[PDB]
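>>> quick one: experimental structure and sequence below.
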Amino acid sequence: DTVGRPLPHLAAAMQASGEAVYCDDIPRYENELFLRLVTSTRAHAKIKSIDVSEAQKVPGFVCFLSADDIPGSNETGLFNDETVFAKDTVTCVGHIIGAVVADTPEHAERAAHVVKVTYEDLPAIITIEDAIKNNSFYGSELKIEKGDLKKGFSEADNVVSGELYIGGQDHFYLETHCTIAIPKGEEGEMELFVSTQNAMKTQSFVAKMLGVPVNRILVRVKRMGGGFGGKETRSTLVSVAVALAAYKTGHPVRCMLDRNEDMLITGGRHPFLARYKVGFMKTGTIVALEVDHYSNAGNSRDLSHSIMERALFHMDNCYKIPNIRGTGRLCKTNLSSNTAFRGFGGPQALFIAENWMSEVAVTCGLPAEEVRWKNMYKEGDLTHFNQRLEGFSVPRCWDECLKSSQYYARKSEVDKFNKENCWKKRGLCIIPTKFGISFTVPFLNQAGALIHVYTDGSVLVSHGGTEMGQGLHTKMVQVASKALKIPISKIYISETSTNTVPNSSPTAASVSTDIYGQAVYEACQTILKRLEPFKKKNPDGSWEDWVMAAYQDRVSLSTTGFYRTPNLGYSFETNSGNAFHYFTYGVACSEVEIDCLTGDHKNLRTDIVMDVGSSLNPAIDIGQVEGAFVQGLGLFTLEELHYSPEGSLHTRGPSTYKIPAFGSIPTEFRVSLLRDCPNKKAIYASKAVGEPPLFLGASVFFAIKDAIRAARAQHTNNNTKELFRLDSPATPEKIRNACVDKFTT
Amino acid sequence: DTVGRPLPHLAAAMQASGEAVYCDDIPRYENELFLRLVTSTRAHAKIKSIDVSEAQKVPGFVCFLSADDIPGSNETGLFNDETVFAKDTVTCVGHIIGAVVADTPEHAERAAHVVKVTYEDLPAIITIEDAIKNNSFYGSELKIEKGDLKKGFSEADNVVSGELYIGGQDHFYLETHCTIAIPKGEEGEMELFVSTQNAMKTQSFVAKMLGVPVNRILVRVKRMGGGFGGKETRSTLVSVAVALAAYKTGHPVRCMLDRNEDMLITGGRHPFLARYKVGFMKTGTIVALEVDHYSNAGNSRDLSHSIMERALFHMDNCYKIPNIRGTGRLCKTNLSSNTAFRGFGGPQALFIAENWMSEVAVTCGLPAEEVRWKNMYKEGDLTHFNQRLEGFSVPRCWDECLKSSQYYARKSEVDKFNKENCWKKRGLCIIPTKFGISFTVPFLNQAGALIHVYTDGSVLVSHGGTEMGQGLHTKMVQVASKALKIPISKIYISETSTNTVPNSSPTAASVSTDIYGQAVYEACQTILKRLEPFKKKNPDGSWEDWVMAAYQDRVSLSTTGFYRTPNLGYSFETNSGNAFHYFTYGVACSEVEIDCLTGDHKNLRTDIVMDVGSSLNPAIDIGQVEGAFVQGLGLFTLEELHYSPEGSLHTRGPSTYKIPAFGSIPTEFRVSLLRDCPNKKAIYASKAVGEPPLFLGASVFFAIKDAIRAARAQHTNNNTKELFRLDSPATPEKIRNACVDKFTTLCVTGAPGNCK
Amino acid sequence: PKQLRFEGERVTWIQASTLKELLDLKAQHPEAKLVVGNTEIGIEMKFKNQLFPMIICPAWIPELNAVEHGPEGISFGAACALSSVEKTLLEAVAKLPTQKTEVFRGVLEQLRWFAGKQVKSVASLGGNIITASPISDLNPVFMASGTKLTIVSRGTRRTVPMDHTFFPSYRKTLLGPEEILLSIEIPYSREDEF
Amino acid sequence: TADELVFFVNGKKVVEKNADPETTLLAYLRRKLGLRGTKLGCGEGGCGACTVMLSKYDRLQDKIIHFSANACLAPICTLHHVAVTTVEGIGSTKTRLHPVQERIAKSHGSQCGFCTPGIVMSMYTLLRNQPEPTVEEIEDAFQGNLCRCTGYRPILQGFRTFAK
Ligand SMILES: Cc1cc2nc3c(=O)[nH]c(=O)nc-3n(C[C@H](O)[C@H](O)[C@H](O)COP(=O)(O)OP(=O)(O)OC[C@H]3O[C@@H](n4cnc5c(N)ncnc54)[C@H](O)[C@@H]3O)c2cc1C
Ligand SMILES: Nc1nc2c(c(=O)[nH]1)N[C@H]1C(S)=C(S)[C@@H](COP(=O)(O)O)O[C@H]1N2
Ligand SMILES: Nc1nc2c(c(=O)[nH]1)N[C@H]1C(S)=C(S)[C@@H](COP(=O)(O)O)O[C@H]1N2
Ligand SMILES: O=c1c(O)c(-c2ccc(O)c(O)c2)oc2cc(O)cc(O)c12
Ligand SMILES: O=c1c(O)c(-c2ccc(O)c(O)c2)oc2cc(O)cc(O)c12
Ligand code: MOS
Ligand code: MOS
Ligand code: FES
Ligand code: FES
């Protein structure tokens, strides 16, 4: 029984030796061809002509594919509002118009570049500001409201109002999007090898495209080199085009995107704009809050509606607000459709909440920790969406982080550094988070597994979840080993496939361990019950002897397992019903030093205390906390996507888009997991960990703001209670310009 | 509802277009290598050296593999008495010594030819008589005995004893053995595409040889171009070698055997030798029977024991015999190990039975139909192994076949032909069969299925059975469609694989329809039960509507089904308990003309009536009767394997081994399935059909024997009750030699001789 | 060590073994691109879809690889990898008075968080200079210091301190069509010079 | 007309009789030689997924030098008489892991695993030049290597074991 032990990721040794196989590492068939997407260079335009003359002169050119080649249907995407191949009009730079197929990827690259498209430009809508001005939205306003707003504000000592923007983020999974499609030649059957978190939609979108039943399409996923939400639906853009080429040619076909194509085409986190108004007492006690959210959804719905719902569920962070109104709108723009990115709308909404909370504290001239603490939910409290907080552990996390980070002592020393230094300043902030666990769409909270014991007693486990680095398969092996009471060496997970576990939800919402853990567990229980008589007959025997006896007595050693998360069903009409199963909680305290003269900064130290219940694997769970935190630090402090005015992405590679490096991480980086906090609601008292830590990254942003505040108090108009706008990400540009001095002027 | 409808084989259009993919049709990986087995040229010898120096010079040569290369275990075979690769000693001419790996199959072939082996010969045992003389057997004697033999032999008016031999048979599946093995390079993982009836054993034997857990090995089978039992275990001789080459090289590797390799290495039907004694009344009524069977098992056990058990279970054919003793011994010999072949020992023992029955009728000077009928079991009788014959339909099959074949009028015409012709004669025979349905090893009578309904309402069925042409998948879709009450166009079966249904029994014993039918049906009931609330909420909605509502309500649309045949377990110690679930029955009448001067013969007409309960698909079942009958016609008349005195197979291709051809089949060939005989014991009242009709091809053998008897009354002597031995197959040589006349005797030269 | 010729679908590459071959080749093919590290040219061909049908690789030539310590400064062959320049300069800095290494120290500051080891082990000095990106981190240091450039063609030879005139316009430098950059002398700093 | 290109990969002689000047070493390793440990993560020299060690006799310095390079930007035509080492050249789970591979694996420094071979080759190169490096030399070796999964802390901590 290894549950609770820091067992390393099962594949890590093979990952270190270069033996682990990712999609493009699969050998090529002798007749395998290569696909490359031909993409829009205009944000909004009619397609006038497509000329392939030059492409046809490229050695090894096979064909050009376009909407006219599709046998089944050109309508695709989650809400059936996308094309597989654009027909008359393109609606973003990156919009897929067609594909070349060639005998080598180099020849496909060369041929694609020489495909000539003629456009007639149409007027484009790129910014959130543009979309609002044109009422260019998907669907209607989303809203959560509680209490009496025109009572709260009537009562408030003060108000703060303003506007905040947070930029998007590219996923930058180290392995880009990849599909191999193998046409069988019989009955429209096709087998697909795909770097995707959603083998179900892949399968369904390929079949729809082809005009073929879903039972003809087999999708297999060994592992991804990262997904982070980005391979949850947008992987089909490559998969469907590759399936089409396989169908047309009758040959195997593959495509792996180059980084620049991937950044342009496949979408990122949603940029958010927020307009807010908070009313509060002289004490810093919040009495009213009104926030209007706007997301830049891009050129299709995709997951944008659910991402806004999640934002609205997290606009409270860990704070009790008696009177509250949040609204969301989804901006329809001529940009690549934006999608799931780790946090799924939560970090954006949580950041908006911490931004005004920080401005409340400044306005009242109180310590930031004091204002946060005094507004914090208490055990038993209801959220603005009327769900009770049971086992609310932020108070413990807060107390322990304050103590172990030595926050009050170091706050003193920050102040001393600031009084002793002119052109460098230190900041220090401590921030909480809560993150609700479940898909907010009730029907996705289902999970299947399938387990076989073979006659040598070795066990093959299959579940609907996929491995992208998060150690899900490791965790499922620890679960099965514990449940079957056999060592992990007897159990194997090979891959995720639609022919072993059908209709699976995407591997998403941080719930995979919870839901597949339960499926695996139930299947193991079924096995144990079937084996029990044989155990009784041969009590001093071995697992192997029991299995073989069951086999020879014609007892089935194969079973399914299923879990359906109970009691979920939030209603926007009644503002009731649980939206989440439980919440994951955490607190981070971060210190930075800024260079007032350059806008550069150094992350000095970070301490995190995270409630992950009783961890299934502390090493994986700490690894998840550190990974998420650093992705969040990149979102808020480093990573910036930049577009031309005509809506074309400039930042298309690691030289223009900076994700955190070895040297970006805090010099002192401490993560602890909260002790003695079992979670009754999930497998073996554990809690979801994948997404909840990312927002803690914001602690570095508010530490930066705190340091800018000190720099301004030194060189500009001195009002202690002076507020200024700092959007996310806080890049060197923004940090420097905000340090107003004799040089900026 | 297509059950009972003549639906074509679902892959038939694709087979006719050349679009259906068999194993070697799968595209090759860019780096894929080819293997060629290196095999013994001696029946029994010590291996003194293998020299690969000339093979190493062949362009594209990669490596030679032998026993030293194996990482896990060199011990293989069903009873663990084989090697993967022979080490110090070879024990038959096709015995696998090693393998060559090369970059093309032409280069593998070239290099294998030039691998030189040095041997020191050892005393070999090839024939059954060799093995009996030397006491060379596997295991001890098998036996079933009932009644009182001494008492029976005393009450007999007449006793006939004799000896009889039935030659073996090569499967001659049009697609030879073939495996592709794909090494993944992580964790010992391997994926194999194999022409095999037994994915479970393939997976186990590969795992065993590699020394890795079974969960690392995935075996997939889309379809076989024929199996006929020869792919039930012997497929692993090629699979395990290819897996080793894949393991060793880290490349994908394949091997498809040339016909000559396949016939030499992979084994065939067991030749049987029988020594018999029957006691009967002047009426033709049987009172005592004693048969000792001996099979030529070759150089390992394989399925030989079970094949002999099935032979003993069928030594009665359709006849009530109060005092009976049958024994069986397996001969251990320096030939390729013999294996399952359609019928699985049943045809050999049923042939032996019809042979002594044919002699009873001749001794009594009574018409053969009358002697058979008189001796036939009745409804509710027990067999020699004390199983009750419930729903015994041979009486019905017999009557309808006599009537529809116009047997009695045709009997007159054959007599008139024989009266008018000197050097040609006609013969006519009618013969029944019964064939027990179940594996005689109780634990193999288990089956799984796995069914998924996707959100578009399309259904994917997986079961433990493999398609080899018998239309198992076709039948499983017809079953699933009737069970789910949806059109067949909504259901699909892709292939058989060990990661969807584990621990599957081999596709064998004719029981696949029966057992996978039930597993599929049970999975379908499970799905129906889960959809029932949605159907109740929306009784006028569609299948698609109910499926989507169930998905949206988080009800699982995926399940297993399993079936375990009830009430099975025969004991040789008590001669008691059911060996079979039920029996399939049939009757065939066949007419032949022989050329007494050359031994050539013509099949004039055959009529068959078969009890297949309520057919799931009369077109497929009629196809099976016709196909199985023609294989039996081959076994008993055409097909003859022939070895050198040193034990080397001479007959290794269609030029020297003759399976039935278009021109071989009876000129008038009529098959009827018996009407209104539902079988309560199996899926939708159907019965197994695979193997039961093959013995009916013996009707041709016994028509030939009848014709020979006429030739002998004409030219050899005047003894109307003479019993001559005629072994199977009755080839031209055997037929001509049996029509003793002025040429066989040389009396025509002026010499004295043994004719009239 | 002899001249190698490689021929592909669109491009001919010549690996020059001697300085004479290089200068001869550059005279015959004035437009030829000189590849060393390929960290610029490989990018222009992949991402700006540029085609350069004639490439000469001079990385083998001893004169383009020579590190020479003189009275006035340290001279590096144009093909010297940035990691070699770094290591030579780190060695000079640790050995010489602080007052002689002000420029070396500046070059070393620009080299610090300049890509990673992989790029710096193959990127040439001459490559960064002749590429003449507006955002080259080395050209401003070389210009400010008046780093001396030895430029060579078949027959002719010259040494010019780098000044503002060396970069006349976008991605252009003041070398004639037949000319190559041969070596780069980075000067010691003087008394009262910072 | 056209010369042979001769190099070595993981101790083995590679003789290219028809080298195309456009071919990168990454393409050659992956798609001609079938050595798929070395990964494509960007193609523009910024992520180090494609990191390999190159080795050659330096005529000038006299010795054999070892250094890291991005195979995605290395033209094969620059490699005449150079020796390439990839991740598969240093250890395997089938034979024996190199200590660099063991320690990154056991230290939880590999999550999705796609950056792991690149980082392995960066550390390995460092050790071929400096068998007893400092902590600072260790962080420095990885300025060219990106990881999206781990937040980097475990990788440095497992490799610190090699310092002093
Ligand atoms: C990821 C990465 C990060 C980078 N970061 C920085 C950075 O921070 N700061 C910075 O300044 N640069 C940076 N660069 C650019 C790098 O410094 C230059 O790319 C490098 O010095 C070019 O050298 P090369 O040998 O690779 O040039 P090549 O690509 O081989 O050639 C470049 C150009 O120089 C010419 N050339 C080379 N030698 C001669 C010669 N001797 N005579 C005449 N012309 C010659 C060639 O014809 C060609 O036009 C970066 C590059 C990469 C890929
Ligand atoms: N190494 C790694 N960790 C990861 C991701 C990833 O792609 N790679 N995806 C994240 C996202 S977006 C989610 S929703 C969770 C999904 O996995 P889980 O449900 O198994 O935790 O893992 C997170 N952690
Ligand atoms: N076309 C075809 N029919 C065939 C065979 C075959 O290989 N091809 N094998 C036979 C044998 S040996 C058996 S045991 C049965 C097995 O199939 P079933 O169990 O589905 O009848 O099919 C019989 N009919
Ligand atoms: O990842 C997610 C996702 O895909 C969907 C979704 C919604 C509607 C659909 O029709 C669909 O296919 C998916 O909802 C979510 C809701 C969450 O709270 C969190 C998530 O991470 C997801
Ligand atoms: O095909 C058959 C077969 O495989 C076996 C068998 C026996 C022992 C084993 O260990 C094993 O794996 C298989 O028995 C049989 C018994 C029958 O009456 C009929 C058959 O057709 C088979
Ligand atoms: O829910 Mo993670 O895939 S954003
Ligand atoms: O039982 Mo059929 O495979 S001989
Ligand atoms: S692939 Fe990113 S540096 Fe080579
Ligand atoms: S482990 Fe995923 S990018 Fe490093």
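Looks like it came in fine. Numbering: from 1, shown residues only, chains lettered A, B, ... in the order given. Ligands and ions are numbered 1, 2, ... in the order given.

>>> can you name the next helix or strand after the longest helix seen in chain C?
The longest helix of chain C (DSSP state H) is helix C:82-95. For helix C:82-95, the following helix or strand on the C-terminal side (DSSP states H and E) is helix C:102-112.

>>> what is that next one packed up against?
Here helix C:102-112 is seen to pack against helix C:82-95, helix C:139-145, strand C:180-187 when contacts are counted using 3 or more CB pairs under 8 Å, 6 or more residues apart in numbering or on different chains; DSSP states H and E. Backbone N, C-alpha and C define where each C-beta goes, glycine included.

>>> coming back round to it: in the longest helix of chain C, what counts as buried?
Neighbour-count burial for helix C:82-95, counted by 16 or more other CB atoms under 10 Å in any protein chain shown, picks out C:82, C:83, C:84, C:85, C:86, C:88, C:89, C:92.

>>> what about the strands in chain D?
Per DSSP state E, chain D carries strands over the ranges D:5-9, D:12-16, D:51-57, D:64-70, D:83-85.

>>> that older thread, okay, the helices and strands packed on helix C:102-112 in a markdown table with distance to ligand 4 next?
Formatted as a markdown table, the helices and strands packed on helix C:102-112 follow (distance: least, CB to the nearest ligand atom, whole Å):
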| stretch | distance to ligand 4 |
| --- | --- |
| helix C:82-95 | 45 |
| helix C:139-145 | 48 |
| strand C:180-187 | 55 |
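
>>> give me the most central residue, chain D.
What sits nearest the mean C-alpha location of chain D, by CA atoms, centre = their mean, is residue D:52, with 2.0 Å.

>>> what of chain C?
For chain C, residue C:126 is the residue whose C-alpha lies nearest the centre (CA atoms, centre = their mean; 0.9 Å).

>>> now do chain A
Nearest residue to the geometric centre of chain A (CA atoms, centre = their mean): residue A:342, 1.7 Å.

>>> ok, now how distant is that residue from residue A:263?
17 Å (CB to CB, to the nearest Å).

>>> cool, residue A:94 as well?
Taking CB to CB, one finds residue A:94 at 9 Å from residue A:263.

>>> same check, this time on residue A:447
For residue A:447 relative to residue A:263 (CB to CB), the value is 32 Å.

>>> point me to the residue of chain C nearest ligand 9.
When scored by CB to the nearest ligand atom, chain C has residue C:116 as its residue closest to ligand 9, at 15.3 Å.

>>> contacting residues around that residue?
Residue C:116 sits next to D:48, D:142, D:143, D:144, D:145 when contact means CB atoms under 8 Å, 6 or more residues apart in numbering or on different chains.

>>> ok, what's across the strand from the residue nearest to the centre of chain D?
residue D:69 (DSSP bridges).

>>> where does chain A come near ligand 2, residue by residue?
Selection of chain A residues close to ligand 2 by CB under 6 Å from any ligand atom yields A:226-229, A:342, A:468-470, A:472, A:507-513, A:624, A:627, A:690-691.

>>> domains in the chain, as residue ranges please.
Since no chain was named, I'll use chain A. Here the domain assignment for chain A is A:32-123, A:124-170+A:267-389, A:171-266, A:390-440+A:581-745, A:441-580, based on curated CATH domains.

>>> actually it's chain D I care about, not the one you picked
D:2-86, D:91-164.

>>> from the contacts of residue C:116, which two are the most distant?
Farthest-apart pair in the contacts of residue C:116 is D:48 and D:143; separation 8.8 Å (CB to CB).

>>> between these two, tell me which one has more neighbours.
Remark: of residue D:48 and residue D:143, residue D:48 carries more neighbours, 31 against 20, as counted by other CB atoms under 10 Å in any protein chain shown.

>>> which residues sit in contact with the closest residue to that one other than its chain neighbours?
In space, and not counting its chain neighbours, residue D:48 is closest to residue D:145: 3.7 Å by CB to CB, 6 or more residues apart in numbering or on different chains. Contact analysis of residue D:145 by CB under 8 Å, 6+ apart lists A:662, C:116, D:47, D:48, D:49, D:51, D:115, D:118, D:119, D:122.

>>> so which of those residues is the closest to residue A:534?
Minimum distance to residue A:534 across the contacts of residue D:145 is 46.8 Å, recorded for residue D:115 (CB to CB).

>>> residue of chain C nearest chain B, please.
Nearest to chain B, among the residues of chain C, is residue C:9, at 20.4 Å (CB to the nearest CB).

>>> what does chain D put close to ligand 2?
Near ligand 2, when you scan chain D using CB under 6 Å from any ligand atom, you find D:111, D:112, D:149.

>>> want to try a markdown table for the residues you listed, with distance to residue A:391 as columns?
Putting the residues of chain D next to ligand 2 into a markdown table (distance: CB to CB, whole Å) gives the following:
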| residue | distance to residue A:391 |
| --- | --- |
| D:111 | 28 |
| D:112 | 31 |
| D:149 | 29 |
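
>>> quick one: secondary structure of the residue lying closest to residue A:542 once chain neighbours are set aside?
Residue nearest to residue A:542 in three dimensions, not counting chain neighbours: residue A:457, with 7.9 Å by CB to CB, 6+ apart. Secondary structure state of residue A:457, per DSSP: H, G, I helix; E, B strand; the rest coil, is coil.

>>> next, count neighbours for residue A:457.
Counted with other CB under 10 Å, residue A:457 comes out at 20.

>>> likewise residue A:562?
Neighbour count of residue A:562, defined by other CB under 10 Å: 21.

>>> what do you get for residue A:132?
16.

>>> next up, phi/psi of it, please.
phi -60, psi -50 (degrees, to the nearest 10).

>>> residues contacting residue A:170?
For residue A:170, the contact set (CB under 8 Å, 6+ apart) comprises A:263, A:268, A:639, A:641, A:651, A:657.

>>> try residue D:5
By CB under 8 Å, 6+ apart, the residues touching residue D:5 are C:4, C:6, D:14, D:15, D:16, D:19, D:76, D:77, D:79, D:80.

>>> at 7 Å what do you get?
Counting by CB atoms under 7 Å, 6 or more residues apart in numbering or on different chains, residue D:5 touches C:6, D:16, D:19, D:76, D:77, D:80.

>>> how about residue A:94?
A:39, A:40, A:264, A:265, A:336.

>>> mind listing which of those residues are in strands?
residue A:39.

>>> which of the contacts of residue A:94 has the largest number of neighbours?
residue A:336 leads these on contacts (other CB under 10 Å) with 27 neighbours.

>>> ok, how many other residues are close to residue C:113?
A total of 11 residues lie near residue C:113 under the criterion other CB under 10 Å.
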